[PDB]
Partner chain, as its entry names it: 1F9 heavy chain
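Take a look at this single chain in structure tokens; it is the form solved without the partner chain.
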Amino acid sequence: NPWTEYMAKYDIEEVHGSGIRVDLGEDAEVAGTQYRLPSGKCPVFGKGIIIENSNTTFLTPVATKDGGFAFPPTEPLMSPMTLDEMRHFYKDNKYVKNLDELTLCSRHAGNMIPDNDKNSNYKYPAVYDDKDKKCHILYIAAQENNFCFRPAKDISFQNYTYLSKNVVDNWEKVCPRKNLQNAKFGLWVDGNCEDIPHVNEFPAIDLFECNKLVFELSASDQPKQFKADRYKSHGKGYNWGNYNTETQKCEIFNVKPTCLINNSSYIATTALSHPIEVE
């Protein structure tokens, strides 16, 4: 297979290694109590949390119901923090001050000590906003309870990225970001790229809507409505989609693709990918 190195970033089980829709792939103790927490290695582009029966945004600081998920004001203000503010804050750290914006936001979130437990290895996840270039540390790591809420790729979230404590600093190289124009995922079989044998097909008016559906069926560490390894997806799920732009059909599958097929009717997407950007 000549596609192997090219297709490496679409090996979501290997490069991300945790849930996507709900990422709770690791465990950590805080003050004698065990907590699940996000652990996936790639940024999830366009993911946010919708709070049901409410009109406060999840990026709103947590209440101290009328609050969101984000860290409450601190002295000095750790969250939210702009890109520039973060680069100044980690002035004396050679490795961190030159990190890309997403990894930096992840690391900065990871510097928050959880609840007077200086001994815990629990690290908060974060959301980075490409628009205002702001890092939001998430106080609440929970992603679905449907105070009812659910993970989603909403139009309002398209400049957001959801970031676990484990986001690698070379994600720009090893993680999916942009969708592939004029291309369809396939499987290398008997010396050439053939079509995925079994796909689930659903309607999607555009690429964004197809990305949303793949997200909904993607690797998830919690059923859509515990401690054992079996509730940890390790990135296994319906993480890939072939969007047929001509027929407005989203072809979703759960076997990892091992090559591409040129096809002007298609855009190839993953649950990690930006819901809009193409290349």
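Residue numbers count along the first chain shown, from 1. Each form is matched to the other, and the largest set of C-alpha atoms that superpose within 1.5 Å is called the rigid core.
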**Study point:** Greater root mean square CA deviation, 32 to 40 compared with 240 to 248 in 5 other deposited structures of this protein, core aligned
**Key:** 32 to 40
Study note, to complete from the structure: Core-fitted, the stretch whose Cα atoms sit farther from this form in 5 other deposited structures of this protein, 192 to 200 versus 110 to 118, is 110 to 118
Review point. Where the other entries model residues on both sides, is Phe45 skipped in at least a third?
Key: no
Check your understanding: In at least a third of the other compared PDB entries, does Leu213 have no coordinates?
Key -> no
Check your understanding: Do any residues of the deposited sequence lie unmodelled between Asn119 and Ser120, and which range holds their number: none, 1 to 3, 4 to 9, or 10 or more?
Key -> none
Review point. Count of coordinate-less deposited residues separating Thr64 and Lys65, as none, 1 to 3, 4 to 9, or 10 or more?
Key: 4 to 9
Revision key, fill the gap. Mean B factor on CA atoms, stretches 53 to 61 and 214 to 222, record says higher is 53 to 61
Exercise for review: Going by the average Cα B-factor in the PDB entry, point out whether 122 to 130 or 71 to 79 comes out higher.
Suggested key: 71 to 79
Practice item. Determine which member of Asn200, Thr103, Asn146, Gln143 has the highest CA B-factor, using the values in the deposited entry. Key: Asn146
Exercise for review: Can you pull the Cα B-factors for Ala152, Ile205, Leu163, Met86 from the entry and say which is highest?
Suggested key: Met86
Review point. Would the CA B-factor of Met112 place it in the lowest, middle or highest third of its chain?
Key: highest
Check your understanding: Among the modelled residues of its chain, does the C-alpha B-factor of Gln34 lie in the lowest, middle or highest third?
Key -> highest
Practice item. Among all modelled residues of this chain, ranked by Cα B factor, put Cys135 in the bottom, middle or top third, i.e. lowest, middle or highest. Key: middle
Review point. Which third of the chain does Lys227 land in by C-alpha B-factor: lowest, middle or highest?
Key: highest
Exercise for review: Sorting the chain's modelled residues by C-alpha B-factor, tell me whether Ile276 ends up in the lowest, middle or highest third.
Suggested key: middle
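Beyond what is shown, the protein has a form deposited with the partner chain bound; the following relates to that form.
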Review point. Is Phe89 one of the residues lying within 4.5 Å of the partner chain in the entry with it bound, judged by heavy atom distances?
Key: yes
Check your understanding: According to a 4.5 angstroms non-hydrogen atom cut-off, is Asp190 in contact with the partner chain in the entry with it bound?
Key -> no
Check your understanding: Does at least one non-hydrogen atom of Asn170 fall within 4.5 angstroms of the partner chain in the entry with it bound?
Key -> no
Practice item. Report yes if any heavy atom of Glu85 sits within 4.5 Å of a heavy atom of the partner chain in the entry with it bound; otherwise report no. Key: yes
Study note, to complete from the structure: When the partner chain is considered in the entry with it bound, the residues of 71 to 85 having a heavy atom within 4.5 Å of it are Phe71, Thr74, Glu75, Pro76, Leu77, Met78, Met81, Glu85
